[PDB]
Amino acid sequence: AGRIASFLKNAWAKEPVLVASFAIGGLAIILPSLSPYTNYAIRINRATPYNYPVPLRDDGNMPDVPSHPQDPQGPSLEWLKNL
Amino acid sequence: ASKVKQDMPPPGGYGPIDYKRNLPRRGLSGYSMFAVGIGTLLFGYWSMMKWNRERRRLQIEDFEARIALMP
Ligand SMILES: CCCCCCCC/C=C\CCCCCCCC(=O)O[C@H](COC(=O)CCCCCCC/C=C/CCCCCCCC)COP(=O)(O)OCCN
């Protein structure tokens, strides 16, 4: 409580560069685990179509696969437009 | 027959001559400069976040153009 206060004061008086560096590194380590937009970053990465989407051979038992891109089925990037 | 004329200080004397150091403070507080820097960083971060999200959307759009043209 007071020991850490005196140590931090001495460090800020003598080595401000090291204090700033350690603070920045600690924030960089800690903050990503508490952010709600990391999931958004992952989903943005998954949403980029680098390669061709190969169609599946219809067998009559896929209610959740579209037969046309404009069909309502499949993933939607409506969330991405407002983000 | 004239007075004695010589190089002399004026009657009374000379005006004061400054010699002491003069290095005025002329500076802001540390908190002020740190706050300005942090605020500038936050403004830049927000602008870059918006711009990069828009860029990702544009990249997706042209990738889909490629996908449409591929067959
Ligand atoms: C959890 C973060 C970890 C990752 C982030 C770090 C990123 C990179 C930073 C580290 C780089 C290497 C650091 C090496 C430290 C060496 C310390 C040392 O021995 O140097 C001392 C000087 O420093 C010291 O006195 C010893 C350490 C002093 C404290 C330094 C910071 C310790 C932690 C304080 C910050 C805590 C976090 C910030 C909180 C903010 C406050 C709310 C000797 O200096 P000389 O150059 O030899 O002197 C010659 C002239 N007289």
Side-chain angles (χ1 to χ4, degrees), chain A, chain B residues 15-24 27-71:
Chain A
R3 174 151 167 169
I4 58 164
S6 71
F7 175 80
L8 255 50
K9 158 144 209 219
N10 179 38
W12 194 229
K14 295 231 154 103
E15 295 296 326
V17 153
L18 288 180
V19 170
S21 315
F22 274 99
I24 296 159
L27 288 181
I29 293 167
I30 290 145
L31 289 193
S33 320
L34 320 165
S35 162
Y37 300 80
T38 303
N39 280 330
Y40 277 91
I42 290 156
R43 297 218 284 155
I44 287 163
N45 271 345
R46 302 196 110 116
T48 303
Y50 285 99
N51 51 57
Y52 187 81
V54 182
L56 310 169
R57 164 182 285 264
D58 202 339
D59 80 33
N61 246 316
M62 333 177 198
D64 293 349
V65 185
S67 46
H68 199 267
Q70 323 215 59
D71 277 14
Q73 300 92 25
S76 162
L77 291 164
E78 181 280 317
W79 60 270
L80 188 46
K81 302 150 73 283
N82 330 301
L83 189 85
Chain B
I17 286 170
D18 279 14
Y19 61 93
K20 270 172 195 173
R21 193 194 255 180
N22 207 279
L23 305 178
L28 274 153
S29 200
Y31 315 123
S32 325
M33 308 180 288
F34 281 132
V36 174
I38 302 296
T40 309
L41 280 186
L42 298 179
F43 172 76
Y45 293 167
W46 184 84
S47 326
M48 256 332 275
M49 167 189 351
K50 265 153 37 132
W51 182 222
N52 272 344
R53 281 172 195 177
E54 169 67 18
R55 287 169 81 201
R56 293 306 291 266
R57 278 187 293 271
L58 298 153
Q59 184 204 222
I60 292 171
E61 176 192 18
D62 63 73
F63 279 14
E64 279 167 8
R66 170 179 184 261
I67 277 174
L69 286 188
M70 265 167 107

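Because only heavy atoms are used, hydrogens play no part in the values below, and waters and symmetry mates are left out as well, while side chains stay in. In what follows, chains are A, B, ... by sequence order, proteins preceding strands, each numbered from 1.
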- Item | Flag, side chain of A:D71 to backbone of A:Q73, donor-acceptor distance under 3.5 Å | no
- Rounded to the nearest 0.5 Å, what separation is found between the CG atom of A:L18 and the CH2 atom of A:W12? 11.0 Å
Compile the donor-acceptor pairs under 3.5 Å between side chains in residues 34-49 of chain B and protein atoms, sequence neighbours left out, one pair per line.
residue: B:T40; atom: OG1; partner: B:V36; partner atom: O; Å: 2.8
residue: B:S47; atom: OG; partner: B:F43; partner atom: O; Å: 2.6

- Could you tell me whether a side-chain N or O of A:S35 sits under 3.5 Å from a main-chain N or O of A:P32, the two making a donor and an acceptor? no
- Supply the atom-to-atom distance A:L83 CG to A:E78 CD, rounded to the nearest 0.5 angstrom. 10.5 Å
- Cation-pi between B:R66 and B:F63: NZ/CZ under 6.0 Å from ring centre and within 45° of the ring axis? no
- Message: Let me confirm one number: the NZ-NZ distance from A:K9 to A:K14, rounded to the nearest 0.5 Å.
- Response: 11.5 Å
- Item | Approximate separation, where rounding is to 0.5 Å, of B:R53 CZ and A:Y40 OH | 9.0 Å
- Message: Testing the basics here: between A:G74 and A:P66, what is the closest heavy-atom pair and its distance to 0.1 Å?
- Response: N-CG, 3.9 Å
- Message: Nearest 0.5 angstrom please: A:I24 CD1 to A:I29 CD1, how far?
- Response: 12.0 Å
Just distance, no hydrogens or angles: give the donor-acceptor pairs under 3.5 Å from side chains in residues 44-57 of chain A, sequence neighbours left out.
residue: A:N45; atom: OD1; partner: B:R56; partner atom: NH2; Å: 3.3
residue: A:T48; atom: OG1; partner: A:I44; partner atom: O; Å: 3.2
residue: A:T48; atom: OG1; partner: B:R56; partner atom: NH2; Å: 3.2

- Non-neighbouring partners of B:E54 that pass side chain to side chain contact (heavy atoms under 4.5 Å, CB included), sequence neighbours left out: B:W51, B:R57, B:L58
